[PDB]
């Protein structure tokens, strides 16, 4: 599993960053670190794929990057409609295909 | 290793069942669960091979079956001459090859 | 890794033996058991290679042998200039290429 | 697109349960698909992955000897046959599109589409 | 059919002992054979398996680096070279016929014939 | 024969240092080479081995995901590119010639030449 | 030579001399006749090698496959096929199913080879 | 589909009919010589293709993967266009000028790999 | 170097030009057909021979046949660093068929052994 903060917060209009860390064999070596946004009662939606790319239909508001063995999601114009549990996942090579972190509860002040 | 009852007993004329249990990767994966009858002081004799088949020369009082991860040896007209330590064995894949349980002491009243 | 005595001693002109032991999967399975002599503050020099051979330039005072899982370095005409840390090493297969023991302090009396 | 999971929701420990997933709105045979579990009280965990053609399957070690993942490209359906269910297997099982590649197309290593999930209680 | 083991005796820890088995009453070269241990007070343990031709050998991990199993089809014999004996190796060693297969005949995965056993005490 | 290490000194923990070794006095491309650690107050530990042609590299498990060994036969040089540099790494790093041959020449499995050693402090 | 010495042997007694038979496969009108015989022998050899190749059996004499045996092709156990029957009798027994088996072998290699390409595309 | 039936299909639609084309490569003295020349030529062309597959480490396969990276200077396209839009005839035209370069690299990588394998079965 | 350029090079100095030479193995006009047909048969016998030894598709093939010191009691350095392939071919010509026979038998045993390891389950 990846280490990920249990919660982050900020006021509307403020940016926030959610980070996840792992090791070199998974998040470090492979540039396949997607992010998912899960609203309560719903399945997670894909927000970020690979490292920086977003699916069509996702606004610029969401972006991300990685350095070393740490990946992060940046949310710029934070809205109240973003209240969701955010998750990291990463490809960890053959044999261990995917590793997920714990969720980050995003609280909007 | 496989788990068998430490001992069983029954009437000299009623049936008895000796159970044998393992895991999904060995007794639950291969239909190769033989049974042996070892009289104290003697080498074990083959009684059951595969699942239900018996060697030529063996009477029809010895039979057996398996379901899931559980196999059993059924003895019908239990005789005084059946007092032996009964063992189950199983093929455990092309790594382990064979596993055995402990002996079940069959007591003849 | 390999087990080697913390220290060995003897008077000048007397022979000494430094043993090295391991297991049946490495020192007792491959005939590649070299010995090195390291003076404090200096790089180690190769003294014995394989089992019995020595590099050119090394005197015949240093010899060695192996039996079972035990190898040893024998020094005959012990000199004052032999006060050095001696190390054994062995090839341990393609999975673990080399293993070393700790050093033996040779004290000249 | 649509991904609709169906199947039963309650077994006793040691029993078996089969889940299925109907996909629509895209060419089914062009994407690999997977099953992902969410514990009732925690986060997401990947459980199984099947190739777009159904020939190659991968599992998380905790289910490797117990779960079978199957694909039928003529019905646009997935199925997951879970044997020897344990109390630790209670979860929402989501059907997802993505997770692999087919060598002759750009890789994904991410999940493009998610269903709503079947809840399985042991 | 008969299988008669020889060798045995008491060897101190760290020593070496050779067992052998003479076979008769069947074509020796047609069957795979094995050695099986029985602890003096417990059940049966499989130790080593050799094919009918002798080219392939398998061992239980506990002896994999210590025991060698060999076959000589011109003499109708098996042999077992046991090195580095430890207290845990005390057992009756039975010579048995069966266990493997030769691919072009029906499989066994069971032991058809047993000898009387050699007693090894460490 | 000479082997001279000019790789470096101290780096902050969780940092990346690159060691190098210049060789002279022998045909560089005919010998395999390795890096061996001498702990500040203990014994020797093998770290990595590279083939004479540079195509094959081997590492000790403790550094496998953090060290890269490279060779350049046009410069008569070796290098070791260190990344994680955890505290355990601290040691004198010796450049050595030997550790393997090349199938078409007599075996070694020993180290023929040693350099003086770079002191790498975490 | 030893060529065809095992022809009367049982299937499990034969199929150990495969290299013996394998090595025996290799005035203008006379020259033409000889060239046609030699070219034909070469074409037959290459067609058999190509056929083994597309099945994933290139370079082998005894090639294991992933195609299940159908009881409709020959409803016999291994003891009768390998210890009693000869290869000539077997060839007669399953002649009518030869092309079916060959087609299945081709298909299983096509799936296996593609699957390997996909496994090698991971990471 | 039969022989060359996939010729007009896309590259990813083709590369599943390789055995169909592969099986069609092998099959009055002046008329004798003319027929012999046709048969000998077919055999020699087949063997040269098989020799190239051999020296590249692809013997016995119709699809084989290698360790030669693709250069963007040969064709600056992604897999979606090459495999889902293009046909093999168009592809052959697009990289004709680089065919021998690729072949040389394939040969070179096998030479290194084969030696590398020889130096590993030597350990111990 | 080109075709046969390494002929005078030592055994370990060659063994890197194998593809170069491998590429060169492939009315009155009947003479040309005979010349072409012979080349094909000779090529195929060598490929067939490699096939039965389990060396198909390779230029360098390692085997499980031990080298007998009676065939050539040299130190490897003598063979690969000083000697050429022509001198070597002369030195062991008398033992070539012996080696070939052993190689064939070795592969047959391995092929049976492989089969015996592919119905364990």
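Note that the chains are named A, B, C, D, E, F, G, H and I in the order they appear, and that numbering of residues resets to 1 at the start of each chain.
Quick note on the criterion: a contact is a pair of C-beta atoms (placed from the backbone, for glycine too) under 8 Å apart; a residue touches a chain by one contact, two chains touch by 3 or more.
Between subunit F and subunit I, the least number of touch steps comes to 1.
Listing every chain that touches subunit A and subunit F alike gives an empty result. One inter-chain figure worth recording: subunit A and subunit B are separated by 55 Å, centre to centre, where each centre is the mean of the chain's CA atoms.
Spacing of subunit B relative to subunit G, judged by their CA centroids, is 44 angstrom.
With touch defined as above, residues shared between interfaces to two or more other chains in subunit B number as follows: 30. With touch defined as above, residues shared between interfaces to two or more other chains in subunit I number as follows: 27, 30, 33, 37, 40, 56-57, 112, 115, 117-118, 120. Those residues of subunit F lying in contact with subunit H across their complex are 51, 53, 55-56, 100-103.
Listing the residues of subunit I that touch subunit F in their complex gives 11-12, 15, 75-77, 80-81.
The part of subunit A that touches subunit D in the complex is made up of residues 30, 32, 34, 36, 38, 42-46, 49-50, 55, 85, 87, 89, 91, 97-103. Partner subunit C is touched in their complex by these residues of subunit F: 38, 42-46, 49, 58, 60, 94, 98-99, 107-112, 114-117. Interface residues of subunit E facing subunit G in the complex, by the touch rule stated above, are 104-106.
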